[PDB]
Amino acid sequence: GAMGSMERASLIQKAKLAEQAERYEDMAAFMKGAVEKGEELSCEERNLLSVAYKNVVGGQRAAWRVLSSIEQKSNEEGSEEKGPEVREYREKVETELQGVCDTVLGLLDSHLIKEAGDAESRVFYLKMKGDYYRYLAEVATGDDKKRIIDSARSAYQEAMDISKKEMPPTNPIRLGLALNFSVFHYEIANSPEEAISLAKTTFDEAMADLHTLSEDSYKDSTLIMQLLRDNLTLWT
Amino acid sequence: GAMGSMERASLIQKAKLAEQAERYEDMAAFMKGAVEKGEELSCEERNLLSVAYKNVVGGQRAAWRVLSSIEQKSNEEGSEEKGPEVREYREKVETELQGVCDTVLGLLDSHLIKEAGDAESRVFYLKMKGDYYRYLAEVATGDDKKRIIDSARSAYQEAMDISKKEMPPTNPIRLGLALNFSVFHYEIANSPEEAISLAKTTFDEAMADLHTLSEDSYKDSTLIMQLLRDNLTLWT
Amino acid sequence: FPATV
Amino acid sequence: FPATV
Ligand SMILES: *CC(=O)NCC1CCN(C(=O)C2(Nc3ccc(Cl)cc3)CCC(F)(F)CC2)CC1
Ligand SMILES: *CC(=O)NCC1CCN(C(=O)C2(Nc3ccc(Cl)cc3)CCC(F)(F)CC2)CC1
Ligand SMILES: [Mg+2]
Ligand SMILES: [Mg+2]
Ligand SMILES: [Mg+2]
Ligand SMILES: [Mg+2]
Ligand SMILES: [Mg+2]
Ligand SMILES: [Mg+2]
């Protein structure tokens, strides 16, 4: 890999610079290089990895949605035939998105998850696995769509099981996992009731544990609680 | 080139889709492919070309400025030595920026400018030539910095000479050229008085010609006049 | 679109 | 930074 000659510490330093410059593709490439050094990632380093790829795939998803909407409109009654270009370009963006997802899943499988023994790291990585299978599911239309959905579900479920055993209900990783798994239920699994139940129960159990927290931990937990409430407001 | 197999019309269609998706790198690659078909560009197509590369280089310039500021801070008294990484990454971004500028300049030289006989096309391309030499000048520090600055100046000057002979003072291309050449004087040529004189004279001569315009042309001209006024307010 | 982190 | 088009 092109980052094989760069020191681990230099890759991490450069990922931080890339973030400051809003160069998320570079950030992701640096962090991929850092992961491929083979050492486990610290919390801060896991955050850099996640932020980089979230931003890259987030932009690809937004572009894919724009293109998919144009494509759908082209297939409506009375829409003039404009040739294969819209489908081709949506496919191009889709293929690039799938590539990024496969890259992230590959880092998780080789070998981040297997080396992650602490609850905070293992839950974080399993959440990411669920997230990137979810992005694959968003664009899946073929023989494997069910298996992709199930891969997302399974990763999220293992993360949920660990989180509930090992982390307090206010822990931001537990909260963020539940937020995203709830979205999975609503948007991917056609299970809005499960989505709403998960968001509500997670919010309420967190509320009950806030009293244990410092001011700074309270701030972290309540920010994600508000995202849960925002989704509940959207869905009810 | 990778776009050699795609129809000209398909490249243009896809550039428009890429713009809607805010995929400016793709937009630029499509438009490069379209230029390389060898036919002259329509007005709309010239706009697609310019928008694509403006957005790509604009992002690179913003990133370069972030990195350059961090680098400058690192070279201040009392700043801790952090190794070569900041310089290396600024250099990486810089080299990519220079590459994009060289690509645009190459399209202009082979063979857009030479085939452009109408004032509106020739001025537009010469303005672009000035702009991309200006971006090169922003990052230049070596033996050729003076020649790069002079290349920008010469391109802008030829564009100004044609524009003044051939276009009315409200023409948006004439206005945009003058706006940018004024910025060149202020930011690159260390000539703030020339910058201010150009902006003021351009504004005032446009003001005097607005009476000739339709409502829609008035809207176009006055938008760029306001940019001239904004710069004058910044500089005075 | 709903919130995720 | 100043306006350009
Ligand atoms: C190493 C580690 O424990 N990381 C968990 C942090 C990540 C940052 N954080 C947050 O509350 C925000 N992001 C986030 C990301 C992933 C997960 Cl699982 C939870 C939370 C920070 C940015 C944001 F946009 F505000 C969302 C929350 C604290 C926990
Ligand atoms: C083919 C042609 O004649 N193009 C000139 C148009 C370009 C769009 N335009 C504008 O007023 C804006 N952009 C612009 C770009 C380059 C030049 Cl030389 C002048 C103007 C449209 C976008 C904006 F951001 F609002 C700036 C002006 C009309 C003339
Ligand atoms: Mg080493
Ligand atoms: Mg496909
Ligand atoms: Mg349950
Ligand atoms: Mg053809
Ligand atoms: Mg250099
Ligand atoms: Mg003069």
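First residue shown is number 1, and so on along the chain.
A Cβ is built for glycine as well, from the same backbone N, Cα and C atoms used for every other residue.
The PDB entry annotations:
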SEQADV    A:1-5  expression tag
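These features come from Swiss-Prot:
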MOD_RES   A:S10  phosphoserine
SITE      A:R61  site 'Interaction with phosphoserine on interacting protein'
MOD_RES   A:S79  phosphoserine
SITE      A:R134  site 'Interaction with phosphoserine on interacting protein'
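For A:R134 (site 'Interaction with phosphoserine on interacting protein'), the same-chain residues 6+ apart in sequence whose C-beta sits under 8 angstroms from its C-beta are A:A152, A:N180, A:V183, A:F184, A:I188. In this entry, A:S10 stand out among the recorded positions A:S10, A:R61, A:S79, A:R134 as having a C-beta under 8 A from a C-beta of chain B. Summarised by DSSP class, the composition of the expression tag (A:1-5) is 0 helix, 0 strand, 5 coil. Between the C-alpha atoms of A:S10 (phosphoserine) and A:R61 (site 'Interaction with phosphoserine on interacting protein'), the distance comes to 30 Å.
Least packed by the Cβ count within 10 Å, out of the recorded positions A:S10, A:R61, A:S79, is A:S79. In the three-state DSSP classification, A:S79 (phosphoserine) falls within coil. In this structure, the C-alpha atom of A:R61 (site 'Interaction with phosphoserine on interacting protein') lies 25 angstrom from that of A:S79 (phosphoserine). The secondary structure of A:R61 (site 'Interaction with phosphoserine on interacting protein'), as reduced to three states from DSSP, is helical.
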